[PDB]
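Enquirer: Below: one structure in C-alpha cells.
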Amino acid sequence: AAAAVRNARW
Amino acid sequence: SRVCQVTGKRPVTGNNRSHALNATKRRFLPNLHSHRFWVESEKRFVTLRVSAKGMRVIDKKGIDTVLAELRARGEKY
Amino acid sequence: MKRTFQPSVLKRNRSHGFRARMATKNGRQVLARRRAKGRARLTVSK
RNA sequence: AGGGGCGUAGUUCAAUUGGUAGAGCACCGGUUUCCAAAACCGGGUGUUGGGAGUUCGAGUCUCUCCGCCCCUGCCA
RNA sequence: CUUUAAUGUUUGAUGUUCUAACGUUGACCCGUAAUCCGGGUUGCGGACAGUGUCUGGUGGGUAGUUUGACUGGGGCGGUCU
RNA sequence: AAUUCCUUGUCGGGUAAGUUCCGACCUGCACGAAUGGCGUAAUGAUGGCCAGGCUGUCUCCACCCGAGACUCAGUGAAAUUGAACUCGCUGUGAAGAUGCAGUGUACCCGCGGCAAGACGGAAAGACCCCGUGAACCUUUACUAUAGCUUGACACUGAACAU
RNA sequence: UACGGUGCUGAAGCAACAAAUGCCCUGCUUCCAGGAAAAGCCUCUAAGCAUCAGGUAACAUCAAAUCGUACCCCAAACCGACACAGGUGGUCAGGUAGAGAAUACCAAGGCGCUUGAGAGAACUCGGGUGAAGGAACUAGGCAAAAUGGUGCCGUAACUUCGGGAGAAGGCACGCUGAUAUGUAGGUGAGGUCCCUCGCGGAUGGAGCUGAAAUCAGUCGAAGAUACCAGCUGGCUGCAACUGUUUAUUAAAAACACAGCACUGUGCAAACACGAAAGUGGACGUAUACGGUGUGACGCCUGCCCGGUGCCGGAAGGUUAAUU
RNA sequence: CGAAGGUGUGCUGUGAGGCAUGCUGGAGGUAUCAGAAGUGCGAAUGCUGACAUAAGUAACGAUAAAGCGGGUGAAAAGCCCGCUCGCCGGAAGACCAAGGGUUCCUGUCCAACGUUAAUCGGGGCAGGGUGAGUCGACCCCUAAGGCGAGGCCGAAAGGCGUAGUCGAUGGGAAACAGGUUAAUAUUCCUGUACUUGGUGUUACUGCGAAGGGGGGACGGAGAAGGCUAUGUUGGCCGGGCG
RNA sequence: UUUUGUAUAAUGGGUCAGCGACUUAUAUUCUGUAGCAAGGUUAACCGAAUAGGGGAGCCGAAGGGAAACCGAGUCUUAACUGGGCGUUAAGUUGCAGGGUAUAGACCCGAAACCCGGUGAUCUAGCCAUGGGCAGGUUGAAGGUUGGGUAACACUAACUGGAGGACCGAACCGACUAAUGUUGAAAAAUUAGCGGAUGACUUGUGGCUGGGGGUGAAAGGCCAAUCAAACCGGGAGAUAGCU
RNA sequence: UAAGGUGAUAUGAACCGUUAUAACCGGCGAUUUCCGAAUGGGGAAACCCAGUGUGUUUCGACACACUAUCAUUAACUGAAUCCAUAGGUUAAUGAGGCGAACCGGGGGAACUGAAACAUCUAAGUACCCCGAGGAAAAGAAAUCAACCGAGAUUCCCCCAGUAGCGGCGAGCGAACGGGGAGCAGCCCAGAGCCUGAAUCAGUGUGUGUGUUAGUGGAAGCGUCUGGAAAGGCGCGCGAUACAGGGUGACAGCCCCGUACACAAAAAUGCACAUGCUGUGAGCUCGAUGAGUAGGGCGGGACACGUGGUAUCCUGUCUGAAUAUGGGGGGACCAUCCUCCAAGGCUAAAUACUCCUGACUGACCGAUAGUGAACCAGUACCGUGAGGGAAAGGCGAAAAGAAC
Ligand SMILES: [Mg+2]
Ligand SMILES: [Mg+2]
Ligand SMILES: [Mg+2]
Ligand SMILES: [Mg+2]
Ligand SMILES: [Mg+2]
Ligand SMILES: [Mg+2]
Ligand SMILES: [Mg+2]
Ligand SMILES: [Mg+2]
Ligand SMILES: [Mg+2]
Ligand SMILES: [Mg+2]
Ligand SMILES: [Mg+2]
Ligand SMILES: [Mg+2]
Ligand SMILES: [Mg+2]
Ligand SMILES: [Mg+2]
Ligand SMILES: [Mg+2]
Ligand SMILES: [Mg+2]
Ligand SMILES: [Mg+2]
Ligand SMILES: [Mg+2]
Ligand SMILES: [Mg+2]
Ligand SMILES: [Mg+2]
Ligand SMILES: [Mg+2]
Ligand SMILES: [Mg+2]
Ligand SMILES: [Mg+2]
Ligand SMILES: [Mg+2]
Ligand SMILES: [Mg+2]
Ligand SMILES: [Mg+2]
Ligand SMILES: [Mg+2]
Ligand SMILES: [Mg+2]
Ligand SMILES: [Mg+2]
Ligand SMILES: [Mg+2]
Ligand SMILES: [Mg+2]
Ligand SMILES: [Mg+2]
Ligand SMILES: [Mg+2]
Ligand SMILES: [Mg+2]
Ligand SMILES: [Mg+2]
Ligand SMILES: [Mg+2]
Ligand SMILES: [Mg+2]
Ligand SMILES: [Mg+2]
Ligand SMILES: [Mg+2]
Ligand SMILES: [Mg+2]
Ligand SMILES: [Mg+2]
Ligand SMILES: [Mg+2]
Ligand SMILES: [Mg+2]
Ligand SMILES: [Mg+2]
Ligand SMILES: [Mg+2]
Ligand SMILES: [Mg+2]
Ligand SMILES: [Mg+2]
Ligand SMILES: [Mg+2]
Ligand SMILES: [Mg+2]
Ligand SMILES: [Mg+2]
Ligand SMILES: [Mg+2]
Ligand SMILES: [Mg+2]
Ligand SMILES: [Mg+2]
Ligand SMILES: [Mg+2]
Ligand SMILES: [Mg+2]
Ligand SMILES: [Mg+2]
Ligand SMILES: [Mg+2]
Ligand SMILES: [Mg+2]
Ligand SMILES: [Mg+2]
Ligand SMILES: [Mg+2]
Ligand SMILES: [Mg+2]
Ligand SMILES: [Mg+2]
Ligand SMILES: [Mg+2]
Ligand SMILES: [Mg+2]
Ligand SMILES: [Mg+2]
Ligand SMILES: [Mg+2]
Ligand SMILES: [Mg+2]
Ligand SMILES: [Mg+2]
Ligand SMILES: [Mg+2]
Ligand SMILES: [Mg+2]
Ligand SMILES: [Mg+2]
Ligand SMILES: [Mg+2]
Ligand SMILES: [Mg+2]
Ligand SMILES: [Mg+2]
Ligand SMILES: [Mg+2]
Ligand SMILES: [Mg+2]
Ligand SMILES: [Mg+2]
Ligand SMILES: [Mg+2]
Ligand SMILES: [Mg+2]
Ligand SMILES: [Mg+2]
Ligand SMILES: [Mg+2]
Ligand SMILES: [Mg+2]
Ligand SMILES: [Mg+2]
Ligand SMILES: [Mg+2]
Ligand SMILES: [Mg+2]
Ligand SMILES: [Mg+2]
Ligand SMILES: [Mg+2]
Ligand SMILES: [Mg+2]
Ligand SMILES: [Mg+2]
Ligand SMILES: [Mg+2]
Ligand SMILES: [Mg+2]
Ligand SMILES: [Mg+2]
Ligand SMILES: [Mg+2]
Ligand SMILES: [Mg+2]
Ligand SMILES: [Mg+2]
Ligand SMILES: [Mg+2]
Ligand SMILES: [Mg+2]
Ligand SMILES: [Mg+2]
Ligand SMILES: [Mg+2]
Ligand SMILES: [Mg+2]
Ligand SMILES: [Mg+2]
Ligand SMILES: [Mg+2]
Ligand SMILES: [Mg+2]
Ligand SMILES: [Mg+2]
Ligand SMILES: [Mg+2]
C-alpha cells in the first residue's frame with residue numbers, strides 16, 4: 001500500500 | 001417469561017402507526033399479574049402468574065377446574 | 001517493534017480451543033460449518 | 001465594486017403612503033425674579049436631498065443623479 | 001313554560017378510617033452447610049404505588065431521508081408562468 | 001493584544017539601518033469579567049525578541065581520515081515499457097514537436113558524470129465542478145421513535161363523611 | 001596412548017582487611033493514600049464412639065505415581081514474509097579508575113557481524129583540523145562549536161519566603177617528600193583482669209585498612225589533562241505546576257489538574273448498563289454521590305429575565321383517550 | 001501406403017477463405033444438405049501462465065578487523081588445527097520462564113536452501129540423545145473472573161445468579177556436593193541427608209465435625225546495625241632466575 | 001477510445017498463448033415462412049407415450065356507449081339534414097427473426113445499507129496477583145537540648161527523613177537534526193532530548209464487542225484496517241458515470 | 001467362490017494355498033483404545049482426579065461393575081406447622097446430540113424499484129430460533145353457489161394479468177366457474193339394548209414378490225501391409241447376444257460382458273393369507289363444544305394499503321343466543337337460500353435428495369468441468385471466524401538404458 005503523497009496542489 | 005399460566009397468552013408483535021402511516025415494529029404484552037389464589041380443597045394459597053383476562057375465567061370456570069387442566073398441561077404450578 | 005502476535009498457549013486454547021468453541025451453540029455452528037467443509041483440523045487444539 | 005436603507009422645521013424624530021406634514025428641544029414675545037435661570041402664558045418656522053417622469057394632482061408613485069448609512073466582494 | 005323549594009335516583013368530586021388484593025431491596029422461622037430464591041410468622045405501607053391496553057405532551061436520546069435548476073466554473077445575486 | 005481591517009497606526013527604547021520585540025498612546029474595524037477579567041513567584045524538549053561566550057552557519061571554502069561511488073571476479077533485482085532507424089532551429093499543428101514543413105548540423109559504438117526535455121516515473125486528482133452518488137455530524141428541516149410524562153380502563157376492595 | 005585421553009599420585013588448602021542492591025528484615029522507625037483470600041498447620045469442643053475405634057510416642061517396613069527434562073531463549077531456532085541494524089520477562093553481577101549497574105581498559109567467557117580483491121576521480125555519507133573575521137548565514141544561532149568535575153569563596157531583581165540558585169563569577173587540583181618512614185580515623189589480635197561461666201564482659205593495643213589538610217620540592221604549553229561531564233544572562237506572550245494526547249508528519253497555548261461555583265440526588269437515591277430480572281452507584285447516606293462549567297494562588301467577578309431554557313404557581317382560556 | 005495437429009510451399013476466390021503438397025507427428029478424421037451454439041478478440045490500468053526490458057546496472061544487510069602457517073579436499077579469502085591481531089565483557093557472557101519443536105550429538109552428501117565459493121551449516125540423509133520421593137507440572141488452596149443444580153427473568157435463543165465448581169500471575173512436605181557422556185543431569189554414579197503418607201509391632205492413652213478459635217496474614221517510605229556472597233593483601237605451597 | 005477537433009505532449013496496452021462481453025425463460029407485438037381457413041388451435045392430463053385422446057379454454061368472424069342497453073349500426077341530444085366511433089377489406093396455429101416486458105438481462109467496477117458471526121495474544125481503560133526503579137543531592141513536619149515567656153508564642157543548635165522535590169543509568173517516553181524513502185527495518189538507526197518513588201513502569205491472567213466498546217478527549221484506539229472493525233450472507237445491491 | 005493369494009505408493013522378504021478351513025465376496029455375530037450429547041468429578045478435546053460395590057493376594061496392590069442431568073411414574077422419608085405441603089433419598093422408564101434440502105411455527109431486514117424520497121415495493125424474501133416426518137402441512141363445511149345446484153383437503157391447467165388493490169404512482173393481484181391428478185371418511189362431548197361382531201394396532205405362521213453374495217451364457221479361419229491386425233483382400237458362422245469395455249492400429253464370433261435362462265444357508269423389505277394379544281361393530285333414546293360468538297380500542301392476515309370494507313387471527317376492555325337457536329351470502333336492513341363454530345383423527349394425489357443402484361446427454365475435456373481428474377478443503381494465508389491454490393498424458397510391454 002502507500003499513503004497519498006501530500007504533494008497536493010490545492 | 002411473560003406467559004399466562006391459565007390462558008397461555010404470550011407477547012405478540014405489531015406496528016406503531018402515525019398520521020403518515022409510518023410503521024415501526026412493536027410488541028404487545030399481556031396484562032400479567034402475580035396473584036395468590038385460594039384453593040379450597042387444599043385449604044392453601046397457590047400463586048399464579050395470570051393475565052387480567054385469565055382472572056375473569058377463573059371465577060367462571062372455578063379454581064379447581066382450571067388447575068385440573070393445568071395438571072394435564074404439565075405447567076408445574 | 002512489538003507486533004500484533006504474542007504467542008500464549010494458555011490464552012490460545014482458552015479463546016479458540018475445542019471446549020471454548022463447543023461451549024456455545026454459535027461456536028458449535030463453527031464446528032458444524034468446518035465439519036461440513038471437511039476441514040482437516042476442526043479446532044485450534046493440538 | 002455589488003446590494004439594501006436613509007435625506008421632513010435650527011437639531012433629534014413622527015408621518016399621511018395620491019388630494020391640507022406633525023411631536024420634543026431649541027428660537028422669539030409676554031409674565032414671574034433685585035437679576036439670570038427654573039417655571040407660566042402665547043407664537044412663527046419645511047423647495048420634505050437634486051432632477052426627470054406619472055397623475056387632473058406627488059414630499060408620498062417610478063427612474064436616474066448627489067450625499068449619508070448597512071451589508072456582501074467567497075472556493076482553488 | 002319559567003322560577004324552581006324540597007323529594008328519591010343515577011353518576012361523579014374530594015376527605016376520613018379500615019384490610020383483604022398488592023408492595024416490602026423491615027424483622028424472624030424453615031427449605032439450608034446458602035446475604036439467591038421460595039414458603040411461613042410478623043411489622044410497615046395500601047387501594048396508592050407499580051404494571052398492561054389506549055391516550056395527550058415532551059423527546060437529535062436514536063433512526064430514515066430531504067435540502068431544485070438555469071448560470072461565460074460554482075457560490076452569492078438574479079431568474080422560473 | 002494569541003484579538004487592530006485601514007496598518008509597517010503614532011511616540012519612545014534597542015540597531016548603522018528594527019514591517020519583529022519592549023514601553024506607552026486609545027482611534028477596542030470586531031477586549032471584558034467563571035464560554036471568567038487582570039496580575040502572578042516557580043515551572044516549560046512553550047512562542048517571540050535581545051546580549052555575552054562560542055564556533056566552517058557564513059565571507060569562502062581547503063586539506064585529511066573512513067564508508068560508498070569507479071575497476072576486476074561471483075551472485076544477481078526493481079518500478080517502467082505501442083513500436084522506433086529516438087538531432088538543432090524557425091514555423092505549423094487537440095493551440096509548448098525526436099517523428100509535420102523548411103533549414104542547419106551530425107562518422108559507427110561504449111564508459112564515467114550532470115539532470116534541461118521526453119507535458120519523465122509513482123497513484124482512474126484530494127483543489128474545482130457534476131451525479132435527483134455515499135457516509136458521519138448539527139439543528140426551532142420533515143416524519144417517526146426509545147425514554148420521560150398525563151389521563152381513562154384493567155390488576156383494584158369495604159365503610160363513612162360531606 | 002588415537003593431538004583427545006586413561007591410570008596412579010598429589011603440596012598448601014590460612015589470616016587480615018574491604019564489602020553489597022543479597023541475608024538478619026514477613027524486622028525496626030515513621031507516614032497516610034490505611035495496605036488479599038483460602039487451605040495445609042495448631043487448638044477447642046458438638047453428634048457419634050468411649051472394652052472398640054481413634055489419638056500420642058518409639059521402632060520396622062512399604063510407597064512417593066503420572067507428565068515435563070535435548071536445544072534456542074535480547075535471538076540465524078521466539079514475534080517481525082528474510083539466517084531481517086527492530087521487539088521480547090526473570091536470574092547471575094569479576095579487576096583498575098570512578099559516587100555509580102555511568103564511562104574507559106581488561107578477566108571468566110564469547111565473538112570478528114556469509115561476498116571479496118583492487119583503485120585512492122567527481123559527488124554523497126560518517127568524521128578530523130583550519131589563517132582572518134565571528135551570525136555578516138538563515139524563516140530561525142537549524143546544526144556544529146562551546147560549557148561540563150569536586151572543594152571553597154561568592155551570588156541580583158523578584159518571591160507564594162519554599163525559592164530564584166549549580167544564579168552569575170572566581171580560586172585550588174599532577175607527581176615527590178615532610179608534617180606523619182604508612183597521619184587523623186576505622187578495624188582490632190595477643191596479653192591482663194572479671195564472670196552466677198559463654199558464640200561472655202571490661203581492659204588492652206599489636207597487626208591491617210586509611211582519607212583529608214598544610215608545607216617543601218619537581219615536570220609539562222597544558223595536572224577536573226582521556227572517556228565521562230550544565231552554555232549563560234535580559235525582556236515578554238500563553239498555560240499555574242508534575243502529568244496526558246493525535247501508535248505511523250502536530251507534545252502545544254490543546255486535555256487533565258487541585259481549587260471554585262451552580263444544579264440534581266433522602267437511599268427500593270438520582271443516574272447508568274440492561275425488553276426484564278438484576279448489577280454498578282455503594283456494602284457509601286448530603287462533611288455523600290452524580291452532572292455541568294471554570295481551572296493553583298492573589299485582587300475581583302458589574303448590568304439585563306425581553307428571547308430561549310429551567311423552576312414555581314393554578315384561577316381562567318384551550319385540549320386526548322373515555323362516555 | 002500416414003487422420004487431426006503443427007510447420008513450409010504452391011494454386012485459387014470480391015472477401016471472410018478454399019484446394020493441394022513437402023516436412024513433423026503417429027490415430028483418428030469426416031463429404032453433402034440440414035440442426036444447435038460456451039460461434040470468431042488487440043485493446044477493457046482485462047484474468048492466468050510464460051518470457052522480455054531496465055541489466056550484468058543497483059544491491060550482496062551495521063565502518064567490531066583481520067593476518068599467516070598447516071590440514072582435509074577435485075578445488076580453500078570463507079572449513080579444521082595452530083600462532084598472532086581485533087571486538088563485547090550490566091554483554092555481543094552465563095542460567096531460565098514464555099515461545100519454538102529436534103534446530104541438540106554423530107556419520108554422510110553438496111542438486112536446491114546460505115544474497116559469493118563452500119569440503120562447512122540452524123541445508124539434504126541416516127543413527128543416537130531428554131533417566132527425578134526432593135527441580136517443575138500434575139496435586140491441595142484460594143484472587144480477579146468464568147461456569148453454574150435449583151431459582152429469578154426473558155418471543156424462542158437466552159440473561160443474571162445461589163448452593164456449588166473451576167480458575168495462578170499468589171499460599172501449601174522434603175537434597176546437597178563431587179564425578180561422569182559426542183550429545184543429559186539437584187534426574188545418572190559416588191558420598192552424606194531429608195520429607196509426606198501406608199502397614200505392622202510396642203507402650204501410653206479422649207477421640208471426634210460440613211462447626212469454633214488461633215495461625216497462615218501481607219502497605220509505602222526511611223534509617224542504621226549485625227552479617228555473608230565476593231574482592232584485595234599478607235601468609236603458606238609449588239614453580240620461575242628471565 | 002473519447003471528441004467540434006488528436007502525430008498529438010489526451011486514455012489504454014512490455015510481449016506471446018489461453019480465457020474474456022447482447023444470452024436464457026416467459027409473455028406480447030411486427031416481419032418472413034408453412035399449414036388450415038370463417039374459422040384456427042388445444043393446455044394440464046390420459047396414453048406404449050414425439051402417435052392418439054383431451055376443444056377445458058384462447059383468438060377471430062360486430063360494433064357503439066360510462067353503463068343499462070341497442071345493434072350494421074350505435075353514441076351524442078328533446079331531436080339531429082348532423083357529428084364521433086363502426087359497417088366492402090381473413091384470420092389463426094406453428095417455425096425463424098426484429099422490438100417490447102419481467103427476471104442480474106451485453107460484460108467488468110463502486111463508496112455504502114442491512115443481517116448473523118469472529119476479534120481487547122495489538123492497543124485503550126479497568127480488575128486480581130507479582131516484579132522493577134544504579135548512584136549522588138536538597139534537608140519539611142516532628143523530636144531533643146538550650147535560649148527566651150508567668151505559661152506560651154518565638155529563637156538557636158542537634159537530631160530527624162518529608163516531596164506527583166533535584167542531578168543522573170536501568171526502565172519508559174519520543175522534542176530537534178542528519179541518514180534512510182525499491183529501508184538493516186510497511187515508522188527505524190546515529191548524535192543529542194524529557195520523565196526517571198510515581199497521576200510511575202512492567203510480567204502473568206481476567207473483563208468491557210461494532211452504532212457498540214474504550215478514550216487525562218486526538219474523532220484517538222478497538223489485531224499493519226476506524227467519522228462506525230473484521231468474516232460470511234442478502235449479493236450478480238445499485239452505478240442516468242467511465 | 002476358489003487356483004492362486006498376503007490393501008496402495010511398492011518392490012522385496014518370509015510365507016499361505018491349489019478341489020476345498022488359501023485368498024476374495026455376502027449374511028449373521030464377537031471385539032470395538034481415547035476424545036466427542038460424553039453422562040463419576042474436573043478440564044487448555046483426545047488429558048487430570050475420584051467414589052461405591054463385587055471379585056481377586058504374592059499384603060505392594062489388582063480386575064470388573066456402578067456413580068451426569070432433565071422429564072414422567074411409583075415407593076420411602078420429610079420442614080417452618082398439628083395434620084399436610086414444599087423439600088429430600090432411592091427405583092424404573094424416556095429425552096439429550098448429529099445430519100443436505102424439503103415442511104410447520106416463533107421472530108424478521110436493508111440494499112433496490114418508485115429514475116429523489118416517507119405510504120408502498122423489495123418481502124414475510126435473506127437471516128435467526130423452535131419442532132417434526134419420509135413426506136410435512138392441510139383436511140370431512142357454522143363451505144360455496146344463486147332460487148338451479150355443488151358436496152373434505154392437497155396438486156396441475158384455465159378462468160386472468162380479468163375483478164379489484166395502489167403517493168390509484170411504482171407495483172401488487174384474485175375468486176367464482178371449468179378441465180385434470182387423486183379421492184375416505186370418522187371419533188368425543190352418554191346411557192342403554194345387544195355383544196367382541198367390523199376395524200385397527202401389536203405379534204408369531206406360511207405363501208408370494210423383492211433386497212443383501214452369485215451361475216451359465218452363442219458364433220473365424222486364410223492371406224496382405226505392418227513392430228504388433230481387431231485394418232486390407234477372401235471365404236464363413238452366431239444373433240431373444242451388432243449394449244458397451246478390453247486386447248500391440250477400427251473385433252458380432254480374442255477377453256470381460258450383453259440378450260436370455262437360473263441361484264440364497266442367513267438377514268431383511270413388501271404384499272396376501274392365517275393364528276394369538278389388545279381394539280370395539282350394530283340398534284334405540286339422549287346430548288349438540290360460553291368468557292365463546294359478537295362488540296369497543298390497537299394491530300395483523302385475507303389480491304384488498306381504513307377505505308363505504310365484508311371475512312379471518314387477537315394485545316386490550318366487554319360480552320350473547322344456545323335448535324322454539326345461531327353462522328354466512330363483501331357496508332347495512334328485510335326476504336330467501338345454505339350451513340351448524342367455539343372438541344378431535346385421517347391414506348392418496350404434493351415438495352425435496354446428504355445417500356444407494358442403473359441408465360441418459362447436439363454437457364465439459366485439464367486456464368474447461370466440482371475449489372479439488374493428482375494424498376484438496378490439502379499446501380498456504382489469517383489471533384480467529386474464514387479465505388484458499390498450483391499440479392493430468394514415457395512406451396504395446398520398463399523391456400526405465402548392462403557395459
Ligand atoms: Mg475549501
Ligand atoms: Mg439525524
Ligand atoms: Mg433508503
Ligand atoms: Mg446547478
Ligand atoms: Mg497586523
Ligand atoms: Mg519606532
Ligand atoms: Mg505593546
Ligand atoms: Mg472574550
Ligand atoms: Mg457575570
Ligand atoms: Mg460565564
Ligand atoms: Mg518562553
Ligand atoms: Mg553570543
Ligand atoms: Mg527521443
Ligand atoms: Mg514549436
Ligand atoms: Mg526542440
Ligand atoms: Mg551512461
Ligand atoms: Mg547529479
Ligand atoms: Mg540530479
Ligand atoms: Mg508524470
Ligand atoms: Mg479523477
Ligand atoms: Mg476524486
Ligand atoms: Mg444537482
Ligand atoms: Mg510501616
Ligand atoms: Mg537477532
Ligand atoms: Mg515486514
Ligand atoms: Mg521469520
Ligand atoms: Mg524489553
Ligand atoms: Mg558501559
Ligand atoms: Mg574493549
Ligand atoms: Mg576517500
Ligand atoms: Mg550536505
Ligand atoms: Mg571539529
Ligand atoms: Mg593533524
Ligand atoms: Mg577559523
Ligand atoms: Mg584563529
Ligand atoms: Mg542577519
Ligand atoms: Mg542574507
Ligand atoms: Mg540550536
Ligand atoms: Mg561537540
Ligand atoms: Mg535563574
Ligand atoms: Mg507580542
Ligand atoms: Mg502546561
Ligand atoms: Mg511537562
Ligand atoms: Mg504522530
Ligand atoms: Mg503514547
Ligand atoms: Mg511529534
Ligand atoms: Mg479551561
Ligand atoms: Mg421575565
Ligand atoms: Mg426567562
Ligand atoms: Mg476434433
Ligand atoms: Mg503441407
Ligand atoms: Mg502409437
Ligand atoms: Mg465465447
Ligand atoms: Mg520483470
Ligand atoms: Mg559486474
Ligand atoms: Mg545504466
Ligand atoms: Mg554503476
Ligand atoms: Mg555498486
Ligand atoms: Mg554481512
Ligand atoms: Mg586458510
Ligand atoms: Mg531438521
Ligand atoms: Mg549442530
Ligand atoms: Mg557445485
Ligand atoms: Mg542439518
Ligand atoms: Mg532419580
Ligand atoms: Mg520423569
Ligand atoms: Mg519443590
Ligand atoms: Mg438452571
Ligand atoms: Mg452465572
Ligand atoms: Mg482447582
Ligand atoms: Mg504459580
Ligand atoms: Mg547442553
Ligand atoms: Mg540442559
Ligand atoms: Mg568471606
Ligand atoms: Mg490530423
Ligand atoms: Mg502519447
Ligand atoms: Mg500504461
Ligand atoms: Mg408466420
Ligand atoms: Mg399430441
Ligand atoms: Mg368450448
Ligand atoms: Mg352514425
Ligand atoms: Mg423475437
Ligand atoms: Mg437484453
Ligand atoms: Mg519528580
Ligand atoms: Mg533525570
Ligand atoms: Mg523536571
Ligand atoms: Mg490500526
Ligand atoms: Mg454504518
Ligand atoms: Mg461482508
Ligand atoms: Mg436482493
Ligand atoms: Mg455489481
Ligand atoms: Mg467423565
Ligand atoms: Mg429510489
Ligand atoms: Mg422414518
Ligand atoms: Mg459366467
Ligand atoms: Mg358443537
Ligand atoms: Mg369479543
Ligand atoms: Mg381490528
Ligand atoms: Mg370514501
Ligand atoms: Mg385511499
Ligand atoms: Mg373490512
Ligand atoms: Mg493439454
Ligand atoms: Mg472452470
Ligand atoms: Mg482446476
Ligand atoms: Mg498447467
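By order in the C-alpha cells, chains are A, B, ...; within a chain, residues start at 1; ligands start at 1, following the order shown.
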Tell me, counting only C-alpha atoms (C1' of nucleotides), for each residue of chain C within 12 Å of chain G, which pair of atoms is nearest and how far apart they are in Å to one decimal, in rows ordered by chain and increasing number, as a tab-separated table.

Expert:
residue	atom	partner	partner_atom	distance
C:1	CA	G:87	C1'	4.1
C:2	CA	G:87	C1'	4.6
C:3	CA	G:79	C1'	6.6
C:4	CA	G:79	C1'	8.3
C:5	CA	G:79	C1'	6.3
C:6	CA	G:79	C1'	6.3
C:7	CA	G:79	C1'	7.9
C:8	CA	G:78	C1'	11.3

Enquirer: Could you give me the residues within 10 Å of ligand 91, counting only C-alpha atoms (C1' of nucleotides) and all ligand atoms, as a VMD selection string?

Expert: chain I and resid 104 108 to 110 235 to 239

Enquirer: Env of residue H:174: 12 Å cut, atoms = only C-alpha atoms (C1' of nucleotides), seq-sep filter 6 positions within chain, self excluded. Answer as a ChimeraX atom specification.

Expert: /G:64 /H:133-134,193-196

Enquirer: Using only C-alpha atoms (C1' of nucleotides), select each residue of chain E with any atom at most 9 Å away from an atom of chain B, and give the selection as a ChimeraX atom specification.

Expert: /E:21-22,51-53

Enquirer: Which residue is closest to ligand 55? Choose from H:149, H:60, H:141, H:74 and count only C-alpha atoms (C1' of nucleotides) and all ligand atoms.

Expert: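 The shortest atom-to-atom distance to ligand 55 comes from H:60.
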
Enquirer: Please identify all protein, DNA and RNA residues within 12 Å of ligand 48, counting only C-alpha atoms (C1' of nucleotides) and all ligand atoms, and report them as an NGL selection string.

Expert: :G and (304-308)

Enquirer: Could you tell me, as a list in words, which residues of chain B DSSP assigns to strand (DSSP E or B) when given the backbone?

Expert: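 The residues of chain B classed as strand (DSSP E or B) are residues 12, 13, 14, 15, 16, 24, 25, 26, 27, 28, 32, 33, 34, 35, 36, 37, 38, 39, 44, 45, 46, 47, 48, 49, 50 and 51 of chain B.
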
Enquirer: Throw together the list of residues within 12 Å of ligand 45, counting only C-alpha atoms (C1' of nucleotides) and all ligand atoms, and drop it here as number ranges by chain.

Expert: G: 244-247, 251; I: 123-124, 172-174, 218, 220-221

Enquirer: Determine which residues of chain J sit within 9 Å of chain B, taking into account only C-alpha atoms (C1' of nucleotides), and present them as JSON, numbers by chain.

Expert: {"J": [84, 107, 118, 119, 291, 299, 300, 315, 316]}

Enquirer: How would the residues just chosen look if you wrote them out with C-alpha atoms (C1' of nucleotides) as a PDB file, in the first residue's frame?

Expert:
ATOM      1  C1'   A J  84     -50.320 -31.698  55.399  1.00  0.00           C
ATOM      2  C1'   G J 107     -39.151 -13.604  15.033  1.00  0.00           C
ATOM      3  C1'   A J 118     -41.590   8.852   3.919  1.00  0.00           C
ATOM      4  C1'   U J 119     -47.050   5.322   2.287  1.00  0.00           C
ATOM      5  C1'   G J 291     -65.643 -15.853  28.981  1.00  0.00           C
ATOM      6  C1'   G J 299     -52.664  -4.014  15.061  1.00  0.00           C
ATOM      7  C1'   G J 300     -52.171  -8.192  11.693  1.00  0.00           C
ATOM      8  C1'   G J 315     -52.957  -7.365  22.566  1.00  0.00           C
ATOM      9  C1'   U J 316     -56.717  -4.700  25.479  1.00  0.00           C
TER      10        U J 316
END

Enquirer: Which residues, written as a list in words, have at least one atom at most 12 Å from residue F:103, with only C-alpha atoms (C1' of nucleotides) counted and residues fewer than 4 positions away on the same chain left out?

Expert: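 So the residues in contact are residues 88, 89, 90 and 91 of chain F.
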
Enquirer: Taking the DSSP assignment computed from this structure's backbone, write out as a VMD selection string all residues of chain B that belong to alpha helix (DSSP H).

Expert: chain B and resid 52 to 61 63 to 73

Enquirer: Kindly determine which residues of chain H lie within 12 Å of chain C, considering only C-alpha atoms (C1' of nucleotides), and give the answer as a PyMOL selection string.

Expert: chain H and resi 98-100+146-147+157-158+167

Enquirer: Find the residues near ligand 6. Use a cut-off of 9 Å, count only C-alpha atoms (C1' of nucleotides) and all ligand atoms, and write them as a PyMOL selection string.

Expert: chain F and resi 10-13+18

Enquirer: Can those selected residues be exported to a file as a PDB file, in the first residue's frame so that it contains C-alpha atoms (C1' of nucleotides)?

Expert:
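Output file out.pdb is given in full below:
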ATOM      1  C1'   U F  10       1.746  57.400  16.487  1.00  0.00           C
ATOM      2  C1'   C F  11       5.713  58.205  20.086  1.00  0.00           C
ATOM      3  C1'   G F  12       9.749  56.288  22.899  1.00  0.00           C
ATOM      4  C1'   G F  13      13.741  52.262  23.721  1.00  0.00           C
ATOM      5  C1'   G F  18      14.036  47.087  13.554  1.00  0.00           C
TER       6        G F  18
END
